[PDB]
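Notes to accompany the following structure.
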There are 2 protein chains.
Amino acid sequence: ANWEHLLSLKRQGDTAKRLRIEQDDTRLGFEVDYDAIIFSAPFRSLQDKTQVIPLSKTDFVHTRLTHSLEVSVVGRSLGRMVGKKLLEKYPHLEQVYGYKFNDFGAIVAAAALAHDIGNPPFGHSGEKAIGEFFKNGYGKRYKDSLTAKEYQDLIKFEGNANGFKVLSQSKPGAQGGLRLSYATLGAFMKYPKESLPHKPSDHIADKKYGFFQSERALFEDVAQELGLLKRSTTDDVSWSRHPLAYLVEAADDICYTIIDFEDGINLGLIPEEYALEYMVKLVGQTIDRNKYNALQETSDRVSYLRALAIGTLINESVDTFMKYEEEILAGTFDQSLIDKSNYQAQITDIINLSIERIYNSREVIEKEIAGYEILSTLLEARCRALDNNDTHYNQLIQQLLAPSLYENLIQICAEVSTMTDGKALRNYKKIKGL
Amino acid sequence: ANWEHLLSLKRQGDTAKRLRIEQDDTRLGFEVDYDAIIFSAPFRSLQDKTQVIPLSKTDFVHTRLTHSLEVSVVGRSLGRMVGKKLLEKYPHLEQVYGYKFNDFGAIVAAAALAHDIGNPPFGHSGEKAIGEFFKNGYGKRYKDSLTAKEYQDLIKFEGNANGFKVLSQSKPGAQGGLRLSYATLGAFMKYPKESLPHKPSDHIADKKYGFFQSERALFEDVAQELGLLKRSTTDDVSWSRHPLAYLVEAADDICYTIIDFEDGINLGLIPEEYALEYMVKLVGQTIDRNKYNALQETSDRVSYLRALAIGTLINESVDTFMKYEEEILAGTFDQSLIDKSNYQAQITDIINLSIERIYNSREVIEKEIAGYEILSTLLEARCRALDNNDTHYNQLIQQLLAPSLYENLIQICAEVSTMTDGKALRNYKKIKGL
Ligand SMILES: [Mn+2]
Ligand SMILES: [Mn+2]
């Protein structure tokens with residue numbers, strides 16, 4: 001595998017190569033990617049989407065937008081530091097080809113900013129509501145008119161794969177979606193495989209899949225340009241992760257681990273009495289305890305803890321990446337960067353506490369139950385309208401929600417998934433009379 | 001004026017100088033500033049604050065957070081391009097001192113990200129609600145126990161000055177607030193003067209003021225370190241704007257001009273029939289009309305128009321800055337970058353259309369009226385509780401809203417101003433029984 005190819009500036013449709021040495025550094029393709037996401041309608045919709053806790057007006061809770069912002073800031077810092085060490089290890093990359101360390105921060109920052117852009121509302125219940133609808137619900141009907149992989153895309157519908165669709169969807173007047181650089185699309189793709197075969201190993205890259213059948217041709221072009229290593233020689237295609245995808249994943253791991261905990265303390269789902277017990281190993285050498293004791297607000301004490309722990313995990317993740325860089329470059333690294341952490345046990349303890357106190361709180365459970373009905377209802381109305389587009393009621397459903405059979409079902413799923421929490425509830429409420 | 005001093009890396013409390021040449025480029029002080037704002041509680045609260053249109057669940061409206069994100073992306077691009085041209089004009093800045101063009105993008109990006117962080121809820125009615133409360137309302141009482149400037153801070157309370165307070169406020173365990181680099185604080189300060197004298201000229205830098213009496217000592221340290229030019233030799237202090245403040249302002253001007261228009265079309269406050277008539281001069285040479293005509297959604301047509309016009313105004317603003325760079329460096333530039341635009345008349349037409357159709361819409365008027373009562377109510381309850389902290393009711397008001405006389409009144413104003421739209425309405429509602 002070669003870093004020169006992995007850092008591709010190609011955009012979908014390019015008829016001629018884009019050499020890094022010929023880029024205007026004030027218009028660097030990788031940094032244009034970041035700005036294109038900031039201004040995109042899919043990214044704006046993250047402002048009104050729950051990350052974990054249902055939104056309120058009585059308290060601040062992280063939305064998908066604020067979470068994605070934080071992951072891109074952590075990812076930019078990981079890419080910057082890993083970039084400098086990579087340029088020191090492969091100095092031809094800078095001296096010949098012209099890559100700079102901020103290039104790597106820009107790729108990770110942009111892929112991180114977009115990493116959750118395709119996720120359905122109401123969390124992973126959203127994903128399973130969609131999947132079960134086609135497994136056993138009304139969607140079962142279509143099984144026999146679909147290939148095994150087309151159907152697998154639906155019964156195991158994945159927000160990561162919908163994110164890739166969102167980023168590249170071609171519509172009239174706008175071919176290629178956001179047209180992000182192939183390097184950013186590679187750093188985005190943490191599961192570079194189709195929906196089948198299902199979990200062919202215990203590798204984290206095989207836990208899910210990363211693109212739908214409708215996007216397969218695009219990711220084939222991406223993987224070829226990047227020179228990603230094959231992980232399958234059958235007609236079920238699969239590739240080793242772009243190395244920078246490991247940094248997007250780590251930024252994400254770091255943020256939801258530490259920041260879910262922070263939110264849980266500020267919302268009162270986790271007793272503040274637990275904050276230091278769970279963070280002491282992550283912060284013990286850098287914490288200024290006198291400063292911590294002088295802070296008079298809970299939210300200030302816990303944000304100080306969060307900033308210390310995130311700093312700790314960033315430095316360690318940079319070191320883990322470089323110690324396993326050749327294994328990662330050869331596609332033989334079998335785990336995540338955080339799985340190798342010396343704080344693995346503490347991370348696991350924090351995550352389990354959050355699962356117990358936040359994910360299993362009444363409000364999060366209530367939301368996931370409500371989500372299952374809201375999304376199943378919307379999917380039933382979309383699909384009935386698709387099957388009999390002639391009735392008056394179905395023409396209304398089309399006007400309200402959406403003004404090849406697989407291409408239609410995958411598009412219905414993508415459109416339901418990119419609904420904000422509010423719009424989905426309002427449409428649900430009107431379909432049901434309220 | 002010297003660019004070497006204007007690019008200061010000093011943080012409040014520094015006992016030793018910070019040379020740019022000795023910075024770790026993966027931990028550049030200016031880029032740390034950006035990340036410190038992203039993670040700060042004041043910036044997070046912008047997620048739940050209206051920019052112009054009241055928030056809804058039926059439609060996407062820009063919050064203060066999304067607006068600030070967009071301004072920092074436009075500002076980063078302005079600073080990058082202006083930086084490269086400045087480094088080409090003063091090559092000693094890079095070859096001797098070590099400044100890079102991305103330094104300038106980082107300063108403008110961070111000051112832009114924070115530029116609205118202190119603004120009170122419900123818009124400029126929020127500011128005038130606060131001002132009138134002390135001019136003629138309950139706050140009149142204190143006039144005689146306050147200096148003319150201390151009082152002027154209250155009756156002309158300014159969100160820009162509250163933003164500076166927010167960014168630097170010292171509390172137990174956290175001296176200096178976010179401790180941003182003095183260069184970022186200089187780019188943030190577009191009105192580098194105290195509340196008095198009031199509008200001593202028609203210069204845009206004298207239209208308001210930029211720091212409260214409680215922050216005067218800090219900005220004196222900032223202006224000295226930066227080497228800003230004096231604009232007053234009386235005991236009323238005042239300085240010429242940091243040159244990069246002109247780029248923060250332009251990024252802001254560009255975004256609320258074009259993006260308010262975009263939001264007004266998508267919300268149906270402005271007829272879509274007007275979109276091309278008002279944008280044609282801004283986009284006429286770069287628009288692909290066939291592409292525009294092929295787009296099937298309004299929101300896509302208008303986002304294409306917005307991206308073309310923003311691109312147009314960025315390039316022009318970079319050129320205006322460099323053509324007036326010595327006047328700006330000498331503090332003799334008398335206007336904003338956008339005031340010099342060749343599209344001045346079109347910008348004015350767009351702004352007036354937005355005022356007529358959005359700012360004077362029923363919903364925005366309803367919000368500003370409601371805001372005046374909500375904030376006046378909260379200020380009355382805070383100030384009565386301050387005057388008689390012994391009564392049971394006032395002890396409750398203290399527990400609900402806040403668990404030297406000027407220092408108390410300026411702190412009450414800052415605390416009311418940093419309330420989200422929802423928390424302010426809830427507290428208002430409980431004080432009034434609902
Ligand atoms: Mn995430
Ligand atoms: Mn603004």
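In the structure tokens, each chain is lettered A, B, ... as it comes, each chain's residues begin at 1, and ligands are numbered from 1 in order of appearance.
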List as an mmCIF file with N, CA and C atoms, in the first residue's frame the protein and nucleic acid residues lying within 7 Å of ligand 1, with only C-alpha atoms and all ligand atoms counted.
```cif
data_model
loop_
_atom_site.group_PDB
_atom_site.id
_atom_site.type_symbol
_atom_site.label_atom_id
_atom_site.label_comp_id
_atom_site.auth_asym_id
_atom_site.auth_seq_id
_atom_site.Cartn_x
_atom_site.Cartn_y
_atom_site.Cartn_z
ATOM 1 N N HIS A 67 -21.931 16.802 18.569
ATOM 2 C CA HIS A 67 -21.068 15.634 18.648
ATOM 3 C C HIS A 67 -20.115 15.591 17.455
ATOM 4 N N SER A 68 -20.630 15.838 16.246
ATOM 5 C CA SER A 68 -19.794 15.710 15.054
ATOM 6 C C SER A 68 -18.724 16.787 15.024
ATOM 7 N N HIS A 115 -19.095 11.780 9.829
ATOM 8 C CA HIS A 115 -19.111 10.333 10.074
ATOM 9 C C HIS A 115 -20.503 9.842 10.489
ATOM 10 N N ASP A 116 -21.320 10.706 11.086
ATOM 11 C CA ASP A 116 -22.658 10.339 11.530
ATOM 12 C C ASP A 116 -23.760 10.979 10.681
ATOM 13 N N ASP A 252 -13.933 9.411 17.292
ATOM 14 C CA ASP A 252 -15.310 9.100 17.633
ATOM 15 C C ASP A 252 -15.390 8.330 18.951
ATOM 16 N N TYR A 256 -17.519 9.915 22.219
ATOM 17 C CA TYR A 256 -18.737 9.406 22.854
ATOM 18 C C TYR A 256 -18.429 8.742 24.200
#
```
Q) Using only C-alpha atoms, which chain B residues lie at most 7 Å away from chain A, written as a list in words? A) residues 26, 35, 57, 58, 73, 80, 81, 172, 173, 291, 292, 294, 295, 422 and 423 of chain B
Q.
Taking 3 positions as the minimum chain separation for residues in the same chain, which residues sit within 9 Å of residue 240 of chain A when counting only C-alpha atoms? Answer as a list in words.
A. residues 191, 192, 193, 205, 228, 229, 230, 231, 243, 328, 329, 330, 331 and 332 of chain A
Q: Could the residues that lie within 12 Å of ligand 2, counting only C-alpha atoms and all ligand atoms, be listed as a PyMOL selection string?
A: chain B and resi 46+50-52+62-72+74-75+111-119+123-124+159-160+163+188+248-257+259-260
Q.
Need the shell around residue 264 of chain B: protein/DNA/RNA residues with any atom at most 12 Å away, counting only C-alpha atoms. Skip same-chain ones fewer than 2 positions apart. Format as a ChimeraX atom specification?
A. /B:52-53,59-62,256-262,266-272,274-275,298-299,302-303,350-351,353-361,364
Using N, CA, C and O atoms, can you write the selected residues to a file as a short mmCIF file (atom, residue, chain, number, x, y, z; two decimals), in the first residue's frame?
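The resulting file, selection.cif, is reproduced below:
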```
data_model
loop_
_atom_site.label_atom_id
_atom_site.label_comp_id
_atom_site.auth_asym_id
_atom_site.auth_seq_id
_atom_site.Cartn_x
_atom_site.Cartn_y
_atom_site.Cartn_z
N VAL B 52 -32.01 34.77 14.26
CA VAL B 52 -32.97 35.77 13.80
C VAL B 52 -34.39 35.23 13.88
O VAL B 52 -35.24 35.81 14.58
N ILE B 53 -34.67 34.14 13.18
CA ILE B 53 -36.02 33.55 13.23
C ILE B 53 -36.13 32.68 14.47
O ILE B 53 -35.23 31.87 14.73
N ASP B 59 -39.43 23.34 10.70
CA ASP B 59 -38.44 23.78 9.67
C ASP B 59 -37.04 24.03 10.25
O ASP B 59 -36.93 24.27 11.46
N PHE B 60 -36.02 23.98 9.39
CA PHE B 60 -34.64 24.29 9.83
C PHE B 60 -34.45 25.79 9.83
O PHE B 60 -34.70 26.44 8.81
N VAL B 61 -34.01 26.31 10.96
CA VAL B 61 -33.66 27.75 11.03
C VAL B 61 -32.25 27.77 11.62
O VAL B 61 -31.91 26.88 12.39
N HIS B 62 -31.46 28.74 11.20
CA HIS B 62 -30.10 28.87 11.73
C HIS B 62 -30.11 29.31 13.19
O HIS B 62 -30.84 30.24 13.51
N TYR B 256 -24.52 36.87 7.30
CA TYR B 256 -25.91 37.23 7.61
C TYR B 256 -26.60 37.87 6.40
O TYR B 256 -27.81 37.69 6.23
N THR B 257 -25.86 38.53 5.50
CA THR B 257 -26.50 39.09 4.32
C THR B 257 -27.05 38.00 3.40
O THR B 257 -28.25 37.94 3.14
N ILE B 258 -26.18 37.08 2.96
CA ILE B 258 -26.59 36.04 2.02
C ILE B 258 -27.40 34.94 2.72
O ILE B 258 -28.37 34.43 2.16
N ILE B 259 -27.02 34.55 3.94
CA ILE B 259 -27.68 33.39 4.52
C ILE B 259 -29.05 33.73 5.14
O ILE B 259 -29.96 32.90 5.12
N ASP B 260 -29.24 34.95 5.66
CA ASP B 260 -30.60 35.37 6.02
C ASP B 260 -31.55 35.30 4.83
O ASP B 260 -32.69 34.86 4.96
N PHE B 261 -31.08 35.77 3.67
CA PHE B 261 -31.85 35.67 2.43
C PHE B 261 -32.17 34.22 2.09
O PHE B 261 -33.32 33.89 1.77
N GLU B 262 -31.17 33.34 2.16
CA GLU B 262 -31.40 31.92 1.90
C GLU B 262 -32.47 31.36 2.83
O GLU B 262 -33.44 30.71 2.37
N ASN B 266 -36.27 29.71 1.96
CA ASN B 266 -36.65 28.35 2.35
C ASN B 266 -37.82 28.34 3.33
O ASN B 266 -38.61 27.40 3.32
N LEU B 267 -37.93 29.35 4.19
CA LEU B 267 -39.05 29.43 5.11
C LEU B 267 -40.29 30.03 4.47
O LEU B 267 -41.34 30.11 5.12
N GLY B 268 -40.21 30.48 3.23
CA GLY B 268 -41.33 31.14 2.60
C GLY B 268 -41.59 32.56 3.05
O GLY B 268 -42.68 33.08 2.78
N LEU B 269 -40.65 33.21 3.73
CA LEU B 269 -40.85 34.62 4.06
C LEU B 269 -40.56 35.53 2.87
O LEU B 269 -41.15 36.61 2.75
N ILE B 270 -39.67 35.11 1.98
CA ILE B 270 -39.36 35.82 0.75
C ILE B 270 -39.83 34.95 -0.40
O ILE B 270 -39.50 33.76 -0.43
N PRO B 271 -40.61 35.48 -1.35
CA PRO B 271 -40.98 34.68 -2.53
C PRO B 271 -39.75 34.24 -3.31
O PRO B 271 -38.83 35.02 -3.55
N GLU B 272 -39.76 32.97 -3.71
CA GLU B 272 -38.65 32.44 -4.49
C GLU B 272 -38.48 33.18 -5.81
O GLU B 272 -37.38 33.22 -6.37
N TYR B 274 -38.08 36.13 -6.27
CA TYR B 274 -37.11 37.21 -6.10
C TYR B 274 -35.67 36.73 -6.05
O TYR B 274 -34.76 37.57 -6.12
N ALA B 275 -35.42 35.43 -5.91
CA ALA B 275 -34.06 34.93 -5.68
C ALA B 275 -33.10 35.37 -6.78
O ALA B 275 -32.02 35.90 -6.49
N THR B 298 -36.23 23.97 -4.46
CA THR B 298 -35.93 25.34 -4.04
C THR B 298 -34.68 25.44 -3.17
O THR B 298 -33.81 26.28 -3.41
N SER B 299 -34.60 24.61 -2.13
CA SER B 299 -33.49 24.69 -1.19
C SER B 299 -32.15 24.44 -1.87
O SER B 299 -31.12 24.97 -1.42
N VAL B 302 -31.34 27.67 -4.08
CA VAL B 302 -30.91 28.83 -3.30
C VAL B 302 -29.58 28.57 -2.60
O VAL B 302 -28.78 29.50 -2.42
N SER B 303 -29.27 27.33 -2.23
CA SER B 303 -27.95 27.07 -1.69
C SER B 303 -26.87 27.21 -2.76
O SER B 303 -25.74 27.62 -2.45
N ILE B 350 -30.53 43.40 -0.85
CA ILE B 350 -30.79 42.14 -0.14
C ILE B 350 -31.11 42.40 1.32
O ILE B 350 -32.07 41.83 1.88
N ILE B 351 -30.32 43.25 1.98
CA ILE B 351 -30.54 43.50 3.40
C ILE B 351 -31.91 44.14 3.65
O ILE B 351 -32.63 43.75 4.57
N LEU B 353 -34.63 43.92 1.73
CA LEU B 353 -35.64 42.89 1.51
C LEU B 353 -35.78 42.00 2.74
O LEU B 353 -36.90 41.70 3.17
N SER B 354 -34.65 41.58 3.32
CA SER B 354 -34.68 40.76 4.53
C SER B 354 -35.31 41.49 5.70
O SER B 354 -36.07 40.90 6.47
N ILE B 355 -35.00 42.78 5.86
CA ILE B 355 -35.63 43.56 6.92
C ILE B 355 -37.14 43.60 6.72
O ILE B 355 -37.92 43.32 7.64
N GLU B 356 -37.58 43.91 5.50
CA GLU B 356 -39.01 43.96 5.20
C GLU B 356 -39.67 42.59 5.38
O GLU B 356 -40.70 42.47 6.06
N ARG B 357 -39.10 41.53 4.81
CA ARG B 357 -39.80 40.25 4.82
C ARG B 357 -39.50 39.38 6.04
O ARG B 357 -40.34 38.55 6.40
N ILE B 358 -38.36 39.53 6.69
CA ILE B 358 -38.03 38.60 7.81
C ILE B 358 -38.11 39.35 9.13
O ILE B 358 -38.92 38.98 9.97
N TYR B 359 -37.31 40.40 9.29
CA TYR B 359 -37.23 41.14 10.57
C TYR B 359 -38.57 41.78 10.92
O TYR B 359 -38.83 41.97 12.10
N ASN B 360 -39.37 42.12 9.91
CA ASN B 360 -40.70 42.73 10.15
C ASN B 360 -41.81 41.70 9.95
O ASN B 360 -42.96 42.11 9.91
N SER B 361 -41.47 40.42 9.77
CA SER B 361 -42.51 39.39 9.78
C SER B 361 -43.19 39.35 11.15
O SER B 361 -42.65 39.80 12.15
N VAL B 364 -41.16 37.29 13.82
CA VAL B 364 -39.98 37.92 14.41
C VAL B 364 -40.39 39.07 15.32
O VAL B 364 -39.77 39.30 16.36
#
```
Q. Distance atom CA of residue 415 of chain A-atom CA of residue 184 of chain A, one decimal place?
A.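 Atom-to-atom, atom CA of residue 415 of chain A and atom CA of residue 184 of chain A are spaced 23.5 Å apart.
You can rank B:33, B:215, B:132, B:144 by their closest distance to residue 156 of chain B using only C-alpha atoms, and at the top of that list sits B:132.
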Q.
Give me the residues near residue 411 of chain A as a PyMOL selection string, where near means some atom within 10 Å (using only C-alpha atoms) and where sequence neighbours in that chain fewer than 4 positions away do not count.
A. chain A and resi 162+165+214+405-407+415-417
Q) Near residue 381 of chain B, counting only C-alpha atoms, which residues have an atom at most 9 Å away, once you skip same-chain residues fewer than 6 positions from it, shown as an MDAnalysis selection string? A) chainID B and resid 394 397 431
Q: Could you jot down the atom CA of residue 318 of chain A to atom CA of residue 96 of chain A separation for me, Å, one decimal place?
A: 24.7 Å
Find the spatial neighbours of residue 10 of chain B, counting only C-alpha atoms, within a cut-off of 10 Å - ignore same-chain residues fewer than 6 positions away - and output them as a compact mmCIF listing (two decimals) with C-alpha atoms, in the first residue's frame.
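Output (part_11.txt):
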```txt
# COMPACT_ATOMS: atom_id res chain seq x y z
CA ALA B 16 7.43 35.06 29.59
CA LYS B 17 7.14 35.80 25.88
CA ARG B 18 5.91 33.19 23.38
CA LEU B 19 7.94 33.25 20.17
CA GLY B 29 -1.67 28.61 20.07
CA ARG B 179 -7.24 32.33 27.88
CA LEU B 180 -7.26 32.94 24.11
CA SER B 181 -4.18 34.34 22.38
CA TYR B 182 -4.07 38.11 22.37
CA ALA B 183 -4.08 38.04 18.54
CA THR B 184 -7.46 36.27 18.60
CA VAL B 222 -4.21 43.30 25.13
CA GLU B 225 0.87 43.74 23.75
CA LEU B 226 -0.57 44.00 20.23
```
Could you pull out the alpha helix (DSSP H) residues of segment 106-138 of chain A, going by DSSP on the backbone, and write them as a PDB file with C-alpha atoms, in the first residue's frame?
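Contents of out29.pdb, as written:
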```
ATOM      1  CA  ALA A 106      -7.881  18.100   7.098  1.00  0.00           C
ATOM      2  CA  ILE A 107      -8.746  14.624   5.810  1.00  0.00           C
ATOM      3  CA  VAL A 108      -9.539  13.252   9.260  1.00  0.00           C
ATOM      4  CA  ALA A 109     -11.352  16.467  10.258  1.00  0.00           C
ATOM      5  CA  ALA A 110     -13.647  16.276   7.242  1.00  0.00           C
ATOM      6  CA  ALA A 111     -14.369  12.543   7.441  1.00  0.00           C
ATOM      7  CA  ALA A 112     -15.029  12.926  11.175  1.00  0.00           C
ATOM      8  CA  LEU A 113     -17.346  15.883  10.626  1.00  0.00           C
ATOM      9  CA  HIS A 124     -29.822   2.483  16.845  1.00  0.00           C
ATOM     10  CA  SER A 125     -33.461   1.692  17.466  1.00  0.00           C
ATOM     11  CA  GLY A 126     -33.892   3.775  14.326  1.00  0.00           C
ATOM     12  CA  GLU A 127     -31.635   1.366  12.452  1.00  0.00           C
ATOM     13  CA  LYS A 128     -33.358  -1.711  13.845  1.00  0.00           C
ATOM     14  CA  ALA A 129     -36.820  -0.288  13.220  1.00  0.00           C
ATOM     15  CA  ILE A 130     -35.813   0.043   9.561  1.00  0.00           C
ATOM     16  CA  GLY A 131     -34.195  -3.393   9.433  1.00  0.00           C
ATOM     17  CA  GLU A 132     -37.061  -5.261  11.101  1.00  0.00           C
ATOM     18  CA  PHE A 133     -39.590  -3.520   8.841  1.00  0.00           C
ATOM     19  CA  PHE A 134     -38.105  -5.343   5.856  1.00  0.00           C
ATOM     20  CA  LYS A 135     -37.173  -8.534   7.727  1.00  0.00           C
TER      21      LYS A 135
END
```
Q: Any chance you could list, as a list in words, the residues in segment 178-301 of chain A that come up strand (DSSP E or B) when DSSP is run on the backbone?
A: residues 193, 230, 238 and 239 of chain A
Could you save those same residues with N, CA and C atoms as a tab-separated table (two decimals), in the first residue's frame?
```tsv
chain	number	residue	atom	x	y	z
A	193	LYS	N	-16.87	-2.84	3.04
A	193	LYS	CA	-17.41	-4.10	2.52
A	193	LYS	C	-18.90	-3.93	2.20
A	230	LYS	N	-7.17	-5.66	-1.23
A	230	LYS	CA	-8.35	-6.55	-1.33
A	230	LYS	C	-8.48	-7.40	-0.08
A	238	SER	N	-14.60	-6.26	-0.90
A	238	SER	CA	-14.18	-5.92	0.45
A	238	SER	C	-12.71	-5.52	0.42
A	239	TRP	N	-12.35	-4.56	1.27
A	239	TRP	CA	-11.04	-3.93	1.23
A	239	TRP	C	-10.55	-3.60	2.64
```
Q) When you draw a straight line from atom CA of residue 142 of chain A to atom CA of residue 218 of chain A, how long is it in Å? A) 25.1 Å
Q: Name the closest residue to residue 365 of chain A among the candidates A:122, A:324, A:246, A:278; distances are taken between atoms, counting only C-alpha atoms.
A: A:122
